[PDB]
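Taken in order, the first sequence gives residues 3 to 119; the numbers are from my numbering. Heads up, the beta-carbon is just placed ideally off N, CA and C, and yes, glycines get one too. One structure is given below, encoded as structure tokens.
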Amino acid sequence: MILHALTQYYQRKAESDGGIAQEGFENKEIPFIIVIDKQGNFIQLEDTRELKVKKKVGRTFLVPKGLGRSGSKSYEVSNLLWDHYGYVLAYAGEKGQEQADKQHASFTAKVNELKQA
DNA sequence: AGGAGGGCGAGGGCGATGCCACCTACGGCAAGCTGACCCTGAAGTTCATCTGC
């Protein structure tokens, strides 16, 4: 009943049109949404921030669910089209390259294997 | 010698034993610090080790 009372309001909020992530997604707090054109060509790095006094990182975009990377070979997991400044740019703030480029070697792989599909 | 050595009844009566106010003033009852270190995680892989080959 701890969780069937949580499942049984997901099925209520998903049906009260309350705007809960629908069956494959997650209201992830995406702080620094990227803008690109129709053929690449990075346009703008908008930040969807500015909330309560500790600037919580992003407007909650209801994006494909976080895949729970959590491992030594965490780079392979590569969330679908939103991941990380280490997964999107291969830029490692503190994780070092080949732990952010291999992330980007898989995030690009994820996007491409989506593109082919 | 044999005396008698007080008998009586009073020993307070009356009222007052306080009146007046004051019984505090002032201000301070804190300052300053700390209220915790450390870890213990999911999840996954590696890596050292074991068993079997």
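Legend entry - Contact under 8 angstroms by Cβ, residue 125 with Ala-119: Residue 125 lies beyond the stretch modelled for the chain, which goes from 3 to 119, so this question has no answer here.
Inset, instruction - Drop a sphere of 10 angstroms on the beta-carbon of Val-90, count the other beta-carbons inside from all chains shown, and report buried for 16 or more, exposed for fewer. - result: Under this definition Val-90 is a buried residue.
Legend entry - Beta-carbon spacing of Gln-24, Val-37 below 8 angstroms: A distance of 8 angstroms or more separates the beta carbons of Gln-24 and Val-37.
Legend entry - Bridge-paired residues (DSSP) for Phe-63: Per DSSP, the beta bridge partners of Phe-63 are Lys-30.
Inset, instruction - Answer with buried or exposed for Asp-85, where buried requires no fewer than 16 other C-beta atoms within 10 angstroms of its C-beta. - result: Counting Cβ neighbours within 10 Å, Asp-85 comes out buried, since at least 16 surround it.
Inset, instruction - Taking only the alpha-carbon atoms, compute the straight-line gap between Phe-63 and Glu-28 and give it to the nearest angstrom. - result: Whole-angstrom Cα-Cα distance: 8 angstroms.
Legend entry - Supposed contact pair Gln-101 and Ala-94 - C-beta distance, whole angstroms, cut 8 angstroms: With a beta-carbon spacing of about 6 angstroms, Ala-94 and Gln-101 fall inside the 8 angstroms limit used to define contacts.
Legend entry - Terminal residues of the alpha helix (DSSP H) in which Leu-8 lies: Counting along the chain, the alpha helix (DSSP H) containing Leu-8 begins and ends at 6 to 15.
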